[PDB]
């Protein structure tokens, strides 16, 4: 890579020439005044990117010791900072993270001011590091053959690509690994019993409880292991944040006003729910009427209708959620990303689980009681849609995930072109992959009693998807900068909610389908709503009781890295304490020493 850390794509297309060269000179002054060596090279037809390297080894050592000092002070490291003359960077992640903080974190603390495209420049499109292609191809061809990734492999996806990708890859490993028990139980139940089986439903809800509690425990242990536990204290501030007052330099904003702006989440959620429910239910009723009332060239209208109407409405809701998320201030980038993710999860929940719920609950149980207003319903509609969403939708999702973007794409002559064709790749966001895994866990927690080969299909697809996501990161994207994290984000409570409703939906399914597969064949006159709500009541409360039992069991087992990170915070204070910090009386005149008190005791006992 010729020691090049970062590439800063300065643009000059839409900006006139003297303003562009003034912006360029002010960009290159703050890079030399922060300790970074710059080398400008010709970019695209209308761009000009500047390479960035730490200027000297002593400047890099002084800049990486003052980045270990800061997160030791803010309670992340819990052990003393190594001295600066012996403080070499541990890996590529620490070096690239220090260089990115020197580039982006503003001039109040000591870094440069470069915020990409937002506030003063509006020209620097991206600040991307370069790939380590030999190590990437070695890791790809090394663990394209192993059945399970080791902790050394997870530490290599920590040392490259940072910790925010390493937490996702450890989550995917600990999710493919824990899929083996419901995979074996689902194969056993689909071979032995039929679908809608009670022991498979209880086993599946117990497995979701156990997996969620074990991954909360493993997240705490892994954030203690990777020295990134309290990384919320050193989160990167943002320049879009507009403060009210200034109390000494941080620019505070009253959090109650942000709560009152956060209460717009409920009308946005109601609008998104009503609009997406109207579109999906209208498409579903159109498909039902056209396909089973009134043809082979006329069955294809509602599928093209959702394929050309759902992503447009979802992009409109994404725009409205972004415009509302800029209204609330959110001084850090992590709070903004978590708020945007919690906003789009409602759209993702409705878009992902509304067809299976109308077909499973509104379609199978009523249908005839409706169709005359517009029956001998198709009994395999629910099984066919679960089979579709689990197998064929995952096949086409893997297709449009990694095959379609691959088909879509002197001495420095090869390097200046490999950076140029790495400049056009896609910026990698790990929330999309966490979204895919969480929607998949939602399918497995909600509609697994229909067709219990769903965990088997998810096991095979997860083993393919781990390697495919690593191939996408190393090949089809720019390198993500080493972002740190402690959890996977709001996806933890998303997974808890997903399983939470799964405990209601699967129990309602195994109640109302315990008469066959056709379940409540059309018109519902048999289903007894006094027996449909009692099983939901008792199953949800047994779910909550067993979940409380498992969380109270797993809380009392301290993991080794947490038990080693609450001991070093005693050892550091013990080392601090050794390095520095160096009438009435006539009642007590009778018995002086402890021998005469024993004499009065023996004299009073005898």
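Here the rigid core means the biggest group of C-alpha atoms that line up within 1.5 Å when the two forms are laid on top of each other. Residue numbers count along the first chain shown, from 1.
Greater C-alpha displacement in 4 other deposited structures of this protein (rigid core superposition, RMS over structures and residues), of 507-515 versus 327-335: 327-335. Root-mean-square C-alpha deviation from the shown form, taken over all structures in 4 other deposited structures of this protein superposed by the rigid core, is larger for 227-235 than for the alternative among 227-235 and 496-504. Checked against the other entries of this protein, residue 409 counts as unresolved in at least one third of those spanning it.
Where coordinates are absent for parts of the deposited sequence, a chain break appears; between neighbours residue 409 and residue 410 it spans 10 or more residues. Where residue 374 is followed by residue 375 in the displayed chain, the model omits 10 or more of the deposited residues that sit between the two.
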